[PDB]
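As stored in data.cif (mmCIF, C-alpha atoms and all ligand atoms):
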```
data_final
#
loop_
_atom_site.group_PDB
_atom_site.id
_atom_site.type_symbol
_atom_site.label_atom_id
_atom_site.label_comp_id
_atom_site.auth_asym_id
_atom_site.auth_seq_id
_atom_site.Cartn_x
_atom_site.Cartn_y
_atom_site.Cartn_z
ATOM 1 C CA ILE A 1 111.574 102.096 85.444
ATOM 2 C CA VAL A 2 108.790 102.685 82.890
ATOM 3 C CA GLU A 3 105.482 104.046 84.117
ATOM 4 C CA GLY A 4 106.472 103.992 87.788
ATOM 5 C CA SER A 5 106.343 106.819 90.359
ATOM 6 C CA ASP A 6 108.842 108.787 92.394
ATOM 7 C CA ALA A 7 109.877 106.917 95.496
ATOM 8 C CA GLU A 8 108.992 108.278 98.911
ATOM 9 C CA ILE A 9 111.984 109.178 101.100
ATOM 10 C CA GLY A 10 113.240 106.042 102.840
ATOM 11 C CA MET A 11 110.813 103.811 100.908
ATOM 12 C CA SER A 12 113.527 101.429 99.710
ATOM 13 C CA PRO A 13 116.441 101.832 102.173
ATOM 14 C CA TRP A 14 118.111 98.672 100.849
ATOM 15 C CA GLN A 15 118.411 100.211 97.383
ATOM 16 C CA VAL A 16 122.010 100.378 96.085
ATOM 17 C CA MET A 17 123.439 102.234 93.085
ATOM 18 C CA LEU A 18 126.341 100.555 91.247
ATOM 19 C CA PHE A 19 128.508 103.451 90.073
ATOM 20 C CA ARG A 20 131.312 103.578 87.502
ATOM 21 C CA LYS A 21 134.412 105.415 88.778
ATOM 22 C CA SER A 22 135.516 106.851 85.402
ATOM 23 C CA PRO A 23 133.527 107.996 83.547
ATOM 24 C CA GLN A 24 131.343 108.484 86.584
ATOM 25 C CA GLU A 25 127.999 106.999 85.632
ATOM 26 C CA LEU A 26 125.254 104.673 86.809
ATOM 27 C CA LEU A 27 126.057 101.069 86.010
ATOM 28 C CA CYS A 28 123.212 99.187 87.652
ATOM 29 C CA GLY A 29 120.941 98.742 90.636
ATOM 30 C CA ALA A 30 121.687 96.462 93.576
ATOM 31 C CA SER A 31 120.432 95.787 97.102
ATOM 32 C CA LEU A 32 121.829 95.806 100.637
ATOM 33 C CA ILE A 33 121.506 92.500 102.437
ATOM 34 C CA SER A 34 123.729 93.097 105.447
ATOM 35 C CA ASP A 35 126.139 95.781 106.633
ATOM 36 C CA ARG A 36 128.825 94.327 104.352
ATOM 37 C CA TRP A 37 127.092 92.406 101.520
ATOM 38 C CA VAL A 38 125.397 93.783 98.381
ATOM 39 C CA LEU A 39 123.368 91.630 95.962
ATOM 40 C CA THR A 40 123.148 92.343 92.225
ATOM 41 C CA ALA A 41 122.784 90.797 88.741
ATOM 42 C CA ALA A 42 125.836 88.960 87.385
ATOM 43 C CA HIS A 43 125.260 90.700 84.043
ATOM 44 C CA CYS A 44 125.988 93.996 85.786
ATOM 45 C CA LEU A 45 129.577 92.852 86.278
ATOM 46 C CA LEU A 46 130.165 90.355 83.499
ATOM 47 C CA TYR A 47 128.590 90.399 80.041
ATOM 48 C CA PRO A 48 131.051 89.538 77.286
ATOM 49 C CA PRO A 49 128.687 90.246 74.341
ATOM 50 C CA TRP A 50 128.937 93.883 75.360
ATOM 51 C CA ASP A 51 132.576 93.650 76.428
ATOM 52 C CA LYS A 52 131.566 94.117 80.035
ATOM 53 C CA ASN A 53 133.903 92.696 82.706
ATOM 54 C CA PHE A 54 134.342 94.902 85.754
ATOM 55 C CA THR A 55 136.778 94.426 88.571
ATOM 56 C CA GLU A 56 136.424 95.633 92.149
ATOM 57 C CA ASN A 57 138.515 98.700 91.584
ATOM 58 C CA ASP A 58 136.361 99.833 88.637
ATOM 59 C CA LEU A 59 133.460 100.417 90.933
ATOM 60 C CA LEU A 60 131.748 102.001 93.860
ATOM 61 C CA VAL A 61 128.580 101.280 95.781
ATOM 62 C CA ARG A 62 126.374 104.234 96.726
ATOM 63 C CA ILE A 63 123.853 103.475 99.486
ATOM 64 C CA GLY A 64 121.000 105.535 100.915
ATOM 65 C CA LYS A 65 120.342 107.433 97.696
ATOM 66 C CA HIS A 66 117.257 109.099 96.350
ATOM 67 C CA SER A 67 118.419 111.540 93.717
ATOM 68 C CA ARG A 68 120.007 109.853 90.657
ATOM 69 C CA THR A 69 122.627 112.433 89.757
ATOM 70 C CA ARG A 70 123.015 114.498 92.908
ATOM 71 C CA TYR A 71 125.667 113.889 95.514
ATOM 72 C CA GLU A 72 123.427 113.563 98.581
ATOM 73 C CA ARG A 73 125.616 114.924 101.283
ATOM 74 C CA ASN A 74 125.064 113.671 104.854
ATOM 75 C CA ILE A 75 122.705 110.948 103.656
ATOM 76 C CA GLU A 76 124.231 108.643 101.081
ATOM 77 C CA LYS A 77 127.268 106.590 101.893
ATOM 78 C CA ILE A 78 129.820 105.558 99.252
ATOM 79 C CA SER A 79 131.557 102.230 99.632
ATOM 80 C CA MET A 80 134.465 100.396 98.015
ATOM 81 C CA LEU A 81 134.351 96.796 96.972
ATOM 82 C CA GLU A 82 136.516 94.200 98.659
ATOM 83 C CA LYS A 83 135.533 91.307 96.400
ATOM 84 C CA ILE A 84 133.029 90.376 93.665
ATOM 85 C CA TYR A 85 131.515 86.858 93.567
ATOM 86 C CA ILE A 86 129.635 85.774 90.423
ATOM 87 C CA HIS A 87 127.575 82.572 90.316
ATOM 88 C CA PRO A 88 129.824 79.845 88.837
ATOM 89 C CA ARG A 89 127.022 78.656 86.495
ATOM 90 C CA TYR A 90 125.838 82.078 85.358
ATOM 91 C CA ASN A 91 124.747 81.648 81.715
ATOM 92 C CA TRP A 92 125.672 84.868 79.887
ATOM 93 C CA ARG A 93 125.882 83.020 76.575
ATOM 94 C CA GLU A 94 122.213 82.241 76.284
ATOM 95 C CA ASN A 95 119.485 83.343 78.663
ATOM 96 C CA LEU A 96 121.202 84.863 81.755
ATOM 97 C CA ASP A 97 120.330 81.770 83.797
ATOM 98 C CA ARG A 98 121.516 82.207 87.415
ATOM 99 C CA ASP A 99 121.946 85.960 86.933
ATOM 100 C CA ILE A 100 123.267 86.730 90.386
ATOM 101 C CA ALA A 101 126.373 88.136 92.049
ATOM 102 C CA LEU A 102 127.494 89.198 95.534
ATOM 103 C CA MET A 103 129.744 92.138 96.359
ATOM 104 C CA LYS A 104 131.627 92.322 99.684
ATOM 105 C CA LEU A 105 132.322 95.863 100.985
ATOM 106 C CA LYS A 106 135.726 97.000 102.232
ATOM 107 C CA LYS A 107 134.121 98.354 105.386
ATOM 108 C CA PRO A 108 130.685 97.916 106.956
ATOM 109 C CA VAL A 109 128.091 100.571 106.212
ATOM 110 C CA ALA A 110 126.384 102.368 109.077
ATOM 111 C CA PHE A 111 122.636 101.869 109.042
ATOM 112 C CA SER A 112 120.457 104.968 109.203
ATOM 113 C CA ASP A 113 116.972 106.179 108.364
ATOM 114 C CA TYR A 114 117.860 105.831 104.678
ATOM 115 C CA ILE A 115 120.137 102.738 104.800
ATOM 116 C CA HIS A 116 118.790 99.420 106.016
ATOM 117 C CA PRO A 117 118.936 95.820 104.729
ATOM 118 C CA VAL A 118 116.194 93.858 103.059
ATOM 119 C CA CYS A 119 115.465 90.252 104.030
ATOM 120 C CA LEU A 120 116.210 87.234 101.876
ATOM 121 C CA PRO A 121 113.382 84.695 101.633
ATOM 122 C CA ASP A 122 113.257 81.377 103.390
ATOM 123 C CA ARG A 123 111.570 78.482 101.628
ATOM 124 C CA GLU A 124 108.216 79.069 103.322
ATOM 125 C CA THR A 125 107.946 82.758 102.496
ATOM 126 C CA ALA A 126 108.964 81.955 98.894
ATOM 127 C CA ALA A 127 106.322 79.318 98.614
ATOM 128 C CA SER A 128 103.640 81.589 100.079
ATOM 129 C CA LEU A 129 104.386 84.661 98.038
ATOM 130 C CA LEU A 130 105.692 83.543 94.705
ATOM 131 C CA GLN A 131 102.251 83.014 93.158
ATOM 132 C CA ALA A 132 100.757 84.264 89.919
ATOM 133 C CA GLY A 133 98.855 87.507 90.562
ATOM 134 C CA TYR A 134 100.737 88.365 93.758
ATOM 135 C CA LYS A 135 102.445 91.723 93.301
ATOM 136 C CA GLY A 136 106.000 92.758 94.049
ATOM 137 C CA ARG A 137 107.832 96.063 93.820
ATOM 138 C CA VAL A 138 110.744 97.036 91.577
ATOM 139 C CA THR A 139 112.903 100.128 92.113
ATOM 140 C CA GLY A 140 115.629 101.777 90.074
ATOM 141 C CA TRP A 141 117.224 104.803 88.406
ATOM 142 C CA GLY A 142 117.141 103.379 84.890
ATOM 143 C CA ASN A 143 115.406 104.599 81.751
ATOM 144 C CA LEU A 144 111.905 105.925 81.957
ATOM 145 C CA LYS A 145 111.278 104.618 78.442
ATOM 146 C CA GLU A 146 112.615 102.127 75.902
ATOM 147 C CA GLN A 156 116.340 109.313 82.918
ATOM 148 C CA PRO A 157 114.622 110.229 86.201
ATOM 149 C CA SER A 158 115.614 112.859 88.724
ATOM 150 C CA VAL A 159 114.895 110.504 91.609
ATOM 151 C CA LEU A 160 114.481 106.817 92.406
ATOM 152 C CA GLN A 161 111.447 105.294 90.690
ATOM 153 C CA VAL A 162 109.063 102.607 91.986
ATOM 154 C CA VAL A 163 106.584 100.286 90.255
ATOM 155 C CA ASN A 164 104.341 97.510 91.628
ATOM 156 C CA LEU A 165 103.924 94.529 89.260
ATOM 157 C CA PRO A 166 102.145 91.170 89.436
ATOM 158 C CA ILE A 167 103.932 87.835 89.126
ATOM 159 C CA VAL A 168 102.860 86.075 85.906
ATOM 160 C CA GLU A 169 101.957 82.445 85.371
ATOM 161 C CA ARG A 170 104.895 80.382 84.061
ATOM 162 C CA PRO A 171 103.101 79.282 80.826
ATOM 163 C CA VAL A 172 102.342 82.901 79.982
ATOM 164 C CA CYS A 173 105.955 83.879 80.680
ATOM 165 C CA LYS A 174 107.145 81.054 78.404
ATOM 166 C CA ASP A 175 104.659 81.850 75.622
ATOM 167 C CA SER A 176 105.741 85.524 75.572
ATOM 168 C CA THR A 177 109.252 84.898 74.273
ATOM 169 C CA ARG A 178 111.502 82.757 72.120
ATOM 170 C CA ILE A 179 114.154 82.707 74.896
ATOM 171 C CA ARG A 180 114.399 79.492 76.971
ATOM 172 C CA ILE A 181 113.239 80.276 80.480
ATOM 173 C CA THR A 182 114.421 78.303 83.526
ATOM 174 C CA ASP A 183 113.269 77.538 87.074
ATOM 175 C CA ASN A 184 115.857 80.128 88.196
ATOM 176 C CA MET A 185 113.711 82.946 86.773
ATOM 177 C CA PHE A 186 110.204 84.275 87.130
ATOM 178 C CA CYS A 187 108.469 87.001 85.116
ATOM 179 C CA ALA A 188 106.240 89.883 86.203
ATOM 180 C CA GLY A 189 104.149 92.667 84.639
ATOM 181 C CA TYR A 190 100.599 93.304 83.470
ATOM 182 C CA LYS A 191 98.885 91.635 80.499
ATOM 183 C CA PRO A 192 97.647 93.769 77.602
ATOM 184 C CA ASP A 193 94.054 93.213 78.741
ATOM 185 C CA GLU A 194 94.743 94.349 82.336
ATOM 186 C CA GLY A 195 95.120 98.025 81.470
ATOM 187 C CA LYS A 196 97.851 99.096 83.930
ATOM 188 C CA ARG A 197 101.449 98.906 82.743
ATOM 189 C CA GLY A 198 105.024 99.248 83.972
ATOM 190 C CA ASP A 199 108.381 97.513 83.729
ATOM 191 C CA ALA A 200 112.046 97.675 84.456
ATOM 192 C CA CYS A 201 114.350 99.109 81.799
ATOM 193 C CA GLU A 202 117.974 99.817 81.008
ATOM 194 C CA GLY A 203 119.914 100.749 84.158
ATOM 195 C CA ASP A 204 117.413 99.012 86.500
ATOM 196 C CA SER A 205 119.430 95.787 86.080
ATOM 197 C CA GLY A 206 120.514 94.252 89.370
ATOM 198 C CA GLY A 207 117.888 96.079 91.443
ATOM 199 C CA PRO A 208 115.478 94.264 93.737
ATOM 200 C CA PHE A 209 111.987 92.838 93.234
ATOM 201 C CA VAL A 210 110.563 92.969 96.756
ATOM 202 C CA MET A 211 107.422 91.729 98.487
ATOM 203 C CA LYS A 212 106.025 92.597 101.929
ATOM 204 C CA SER A 213 105.181 89.431 103.815
ATOM 205 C CA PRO A 214 101.697 89.659 105.329
ATOM 206 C CA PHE A 215 102.812 87.123 107.946
ATOM 207 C CA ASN A 216 105.557 89.167 109.649
ATOM 208 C CA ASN A 217 105.233 92.525 107.872
ATOM 209 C CA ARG A 218 108.860 92.442 106.665
ATOM 210 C CA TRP A 219 110.149 93.159 103.181
ATOM 211 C CA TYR A 220 111.773 90.301 101.330
ATOM 212 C CA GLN A 221 113.773 90.369 98.107
ATOM 213 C CA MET A 222 112.315 87.676 95.894
ATOM 214 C CA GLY A 223 113.905 88.682 92.596
ATOM 215 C CA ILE A 224 116.673 90.556 90.866
ATOM 216 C CA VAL A 225 116.027 92.662 87.761
ATOM 217 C CA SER A 226 117.516 90.526 85.033
ATOM 218 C CA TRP A 227 116.258 90.748 81.436
ATOM 219 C CA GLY A 228 113.509 91.732 79.073
ATOM 220 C CA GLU A 229 112.919 92.339 75.377
ATOM 221 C CA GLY A 230 112.367 96.025 75.143
ATOM 222 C CA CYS A 231 110.743 97.784 78.085
ATOM 223 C CA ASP A 232 107.043 97.867 78.905
ATOM 224 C CA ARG A 233 106.093 96.236 75.585
ATOM 225 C CA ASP A 234 102.585 94.817 75.293
ATOM 226 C CA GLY A 235 102.593 91.081 75.598
ATOM 227 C CA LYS A 236 106.178 91.021 76.963
ATOM 228 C CA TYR A 237 107.209 90.636 80.634
ATOM 229 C CA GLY A 238 110.280 91.500 82.707
ATOM 230 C CA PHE A 239 112.353 88.542 83.940
ATOM 231 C CA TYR A 240 113.777 88.308 87.433
ATOM 232 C CA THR A 241 116.380 86.108 89.032
ATOM 233 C CA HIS A 242 114.645 83.769 91.456
ATOM 234 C CA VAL A 243 116.525 84.605 94.646
ATOM 235 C CA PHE A 244 115.216 81.711 96.784
ATOM 236 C CA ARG A 245 116.317 79.179 94.123
ATOM 237 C CA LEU A 246 119.893 80.429 94.433
ATOM 238 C CA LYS A 247 119.989 80.916 98.204
ATOM 239 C CA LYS A 248 122.221 77.877 98.785
ATOM 240 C CA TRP A 249 124.928 79.565 96.731
ATOM 241 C CA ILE A 250 124.367 82.880 98.491
ATOM 242 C CA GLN A 251 124.747 81.321 101.893
ATOM 243 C CA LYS A 252 127.803 79.308 100.933
ATOM 244 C CA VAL A 253 129.565 82.447 99.707
ATOM 245 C CA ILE A 254 128.718 84.478 102.718
ATOM 246 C CA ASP A 255 129.550 81.607 105.063
ATOM 247 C CA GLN A 256 132.886 81.041 103.269
ATOM 248 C CA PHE A 257 134.042 84.630 102.881
ATOM 249 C CA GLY A 258 132.159 86.395 105.694
ATOM 250 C CA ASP B 2 125.127 114.610 84.359
ATOM 251 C CA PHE B 3 126.526 113.239 87.587
ATOM 252 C CA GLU B 4 127.574 115.564 90.369
ATOM 253 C CA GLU B 5 131.211 115.007 91.235
ATOM 254 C CA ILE B 6 131.729 112.865 94.322
ATOM 255 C CA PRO B 7 134.296 113.534 97.052
ATOM 256 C CA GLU B 8 137.826 112.781 95.858
ATOM 257 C CA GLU B 9 138.258 110.576 98.894
ATOM 258 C CA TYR B 10 136.160 107.842 97.265
ATOM 259 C CA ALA C 7 117.548 90.108 112.548
ATOM 260 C CA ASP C 8 116.091 93.538 111.850
ATOM 261 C CA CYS C 9 116.028 93.118 108.124
ATOM 262 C CA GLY C 10 113.137 94.354 106.027
ATOM 263 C CA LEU C 11 111.741 96.789 108.617
ATOM 264 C CA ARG C 12 112.169 100.309 107.281
ATOM 265 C CA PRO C 13 113.096 103.069 109.797
ATOM 266 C CA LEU C 14 110.654 105.575 108.266
ATOM 267 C CA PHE C 15 107.764 103.160 107.738
ATOM 268 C CA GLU C 16 107.402 99.835 109.640
ATOM 269 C CA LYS C 17 109.624 101.023 112.542
ATOM 270 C CA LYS C 18 107.213 103.973 112.960
ATOM 271 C CA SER C 19 104.010 102.139 112.032
ATOM 272 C CA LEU C 20 103.733 104.405 108.989
ATOM 273 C CA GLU C 21 102.622 102.892 105.676
ATOM 274 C CA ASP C 22 103.897 103.984 102.297
ATOM 275 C CA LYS C 23 101.472 105.126 99.609
ATOM 276 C CA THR C 24 101.124 101.910 97.577
ATOM 277 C CA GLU C 25 102.082 98.998 99.877
ATOM 278 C CA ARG C 26 98.383 98.283 100.357
ATOM 279 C CA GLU C 27 98.270 97.350 96.623
ATOM 280 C CA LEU C 28 100.697 94.540 97.382
ATOM 281 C CA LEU C 29 98.726 93.307 100.411
ATOM 282 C CA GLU C 30 95.477 93.278 98.465
ATOM 283 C CA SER C 31 97.044 91.030 95.804
ATOM 284 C CA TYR C 32 97.982 88.408 98.413
ATOM 285 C CA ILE C 33 94.676 86.589 98.216
HETATM 286 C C1 LIG A 301 118.221 87.185 77.706
HETATM 287 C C2 LIG A 301 118.915 88.528 77.353
HETATM 288 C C3 LIG A 301 120.179 88.203 76.490
HETATM 289 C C4 LIG A 301 117.951 89.520 76.633
HETATM 290 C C5 LIG A 301 118.412 91.001 76.640
HETATM 291 N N1 LIG A 301 117.405 91.837 75.957
HETATM 292 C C6 LIG A 301 118.602 91.566 78.044
HETATM 293 O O1 LIG A 301 117.570 91.817 78.663
HETATM 294 N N2 LIG A 301 119.819 91.839 78.558
HETATM 295 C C7 LIG A 301 121.034 91.700 77.754
HETATM 296 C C8 LIG A 301 122.114 91.995 78.804
HETATM 297 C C9 LIG A 301 121.451 92.835 79.883
HETATM 298 C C10 LIG A 301 119.960 92.404 79.892
HETATM 299 C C11 LIG A 301 119.120 93.646 80.095
HETATM 300 O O2 LIG A 301 119.118 94.522 79.228
HETATM 301 N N3 LIG A 301 118.401 93.743 81.237
HETATM 302 C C12 LIG A 301 117.713 95.009 81.527
HETATM 303 C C13 LIG A 301 116.197 94.803 81.639
HETATM 304 C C14 LIG A 301 115.364 95.421 80.703
HETATM 305 C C15 LIG A 301 113.988 95.256 80.773
HETATM 306 C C16 LIG A 301 113.395 94.471 81.778
HETATM 307 C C17 LIG A 301 114.229 93.855 82.711
HETATM 308 CL CL1 LIG A 301 113.526 92.869 83.975
HETATM 309 C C18 LIG A 301 115.617 94.022 82.640
HETATM 310 NA NA NA A 302 108.123 80.511 74.058
HETATM 311 NA NA NA A 303 104.658 94.314 79.017
#
```
Please go through the file and, once you have read it, give me the structure as structure tokens.
Ligand SMILES: CC(C)C[C@@H](N)C(=O)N1CCC[C@H]1C(=O)NCc1cccc(Cl)c1
Ligand code: NA
Ligand code: NA
Amino acid sequence: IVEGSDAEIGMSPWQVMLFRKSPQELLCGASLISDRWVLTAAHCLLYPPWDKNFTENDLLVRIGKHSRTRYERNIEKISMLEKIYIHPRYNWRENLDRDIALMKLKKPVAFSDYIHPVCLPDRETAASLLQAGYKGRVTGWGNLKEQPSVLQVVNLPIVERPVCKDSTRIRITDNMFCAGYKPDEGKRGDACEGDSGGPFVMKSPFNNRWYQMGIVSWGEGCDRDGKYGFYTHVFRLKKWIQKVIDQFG
Amino acid sequence: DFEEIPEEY
Amino acid sequence: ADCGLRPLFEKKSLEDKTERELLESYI
């Protein structure tokens, strides 16, 4: 996260760290959506241009964390993957269209003060909140600049689709939205390397619950003027999420 | 830079 | 059915330091 702030303890209890088993390192962010399902970016697991193709056994999920590097004894929980599910129409070749994946955990994680799931949007929350100028929140342990001691947080406004499109030569789709400030707005901030797969969340003013509207997906650079971060549109892919969960528990 | 995690995982 | 309510914030009626920034943008 570039130009964010340190998280408060328990501020993002759905936050998940994707962790490489050997060499032990951060791979990506991710989010907890139930006591056995974790949501992330497909490109965290599969990205052939960079020879990335992880299997279950290559990975761990670390939940309840705050410190990046520290083993947070009696607080974090470390989980093994049962199965990875990548969107069947994930476009890694071109623009990361449908950049989404589910991970099923071997065993359910115990909720606690620091571990708790985020909601997924229904159509009406999505329609109410996914509006230009409305702000969401992005969290992650990735680069501070184009690495932090603790989880970082940044609040960023959703940007109008024409402005998103005019900021880049990449083809953008209805399965993505972009967020960040304009040059003229002053304020700045963005996701960066290692924040991939982490959640873009919004607090519904209707029921005061946090919903995950986006997944950190792609950008050109980090926190560049006139550029915006791009997020997987979670509501647009909810049919596939539900099918998977419904079909594999 | 990562603290070692319990062998068990 | 308890999703999105954080134990240390909404469950306690405590607000975090910048969530009001999000509410104010929901115009
Ligand atoms: C469309 C994509 C091929 C463009 C690429 N720069 C990209 O962003 N990639 C290539 C594969 C991984 C992903 C990435 O780095 N995402 C991290 C990131 C950086 C800045 C902002 C965001 Cl939202 C996400
Ligand atoms: Na364009
Ligand atoms: Na920017």
Could you report the residues within 9 Å of ligand NA 302 (chain A), using all atoms listed in the file, as a list in words? residues 171, 172, 173, 174, 175, 176, 177, 178, 179, 180 and 181 of chain A
Output for the residues just chosen: C-alpha atoms as a JSON list (two decimals), keeping the file's coordinate frame:
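Saved the output as selection-v8.json:
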```json
[["chain", "number", "residue", "atom", "x", "y", "z"],
["A", 171, "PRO", "CA", 103.10, 79.28, 80.83],
["A", 172, "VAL", "CA", 102.34, 82.90, 79.98],
["A", 173, "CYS", "CA", 105.96, 83.88, 80.68],
["A", 174, "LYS", "CA", 107.14, 81.05, 78.40],
["A", 175, "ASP", "CA", 104.66, 81.85, 75.62],
["A", 176, "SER", "CA", 105.74, 85.52, 75.57],
["A", 177, "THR", "CA", 109.25, 84.90, 74.27],
["A", 178, "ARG", "CA", 111.50, 82.76, 72.12],
["A", 179, "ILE", "CA", 114.15, 82.71, 74.90],
["A", 180, "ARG", "CA", 114.40, 79.49, 76.97],
["A", 181, "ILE", "CA", 113.24, 80.28, 80.48]]
```
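Here the PyMOL selection byres (((not hetatm)) within 8 of (chain A and resi 303)) matches the residues residues 189, 190, 191, 192, 197, 198, 199, 231, 232, 233, 234, 235, 236, 237 and 238 of chain A.
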Just to be explicit: take each residue in the selection above, keep C-alpha atoms, and write the result as a short mmCIF file (atom, residue, chain, number, x, y, z; two decimals), in the coordinates of the input.
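Writing done, so here's selection25.cif:
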```cif
data_model
loop_
_atom_site.label_atom_id
_atom_site.label_comp_id
_atom_site.auth_asym_id
_atom_site.auth_seq_id
_atom_site.Cartn_x
_atom_site.Cartn_y
_atom_site.Cartn_z
CA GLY A 189 104.15 92.67 84.64
CA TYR A 190 100.60 93.30 83.47
CA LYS A 191 98.88 91.64 80.50
CA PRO A 192 97.65 93.77 77.60
CA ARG A 197 101.45 98.91 82.74
CA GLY A 198 105.02 99.25 83.97
CA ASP A 199 108.38 97.51 83.73
CA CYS A 231 110.74 97.78 78.08
CA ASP A 232 107.04 97.87 78.90
CA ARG A 233 106.09 96.24 75.58
CA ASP A 234 102.58 94.82 75.29
CA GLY A 235 102.59 91.08 75.60
CA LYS A 236 106.18 91.02 76.96
CA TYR A 237 107.21 90.64 80.63
CA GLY A 238 110.28 91.50 82.71
#
```
Return the padded bounding box of ligand LIG 301 (chain A) as lines of an AutoDock Vina configuration file: axis-aligned, built from all atoms listed in the file, 5 Å added on each side, with centre and edge lengths in Å to one decimal.
```
center_x = 117.8
center_y = 91.3
center_z = 80.0
size_x = 18.7
size_y = 18.2
size_z = 18.0
```
One decimal place gives the CA of residue 217 (chain A)-CA of residue 108 (chain A) separation as 26.0 Å
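For ligand LIG 301 (chain A), the set of protein, DNA and RNA residues within 6 Å, based on only C-alpha atoms and all ligand atoms, reads residues 95, 96, 200, 201, 202, 205, 225, 226, 227, 228, 229, 230, 231, 238, 239 and 240 of chain A.
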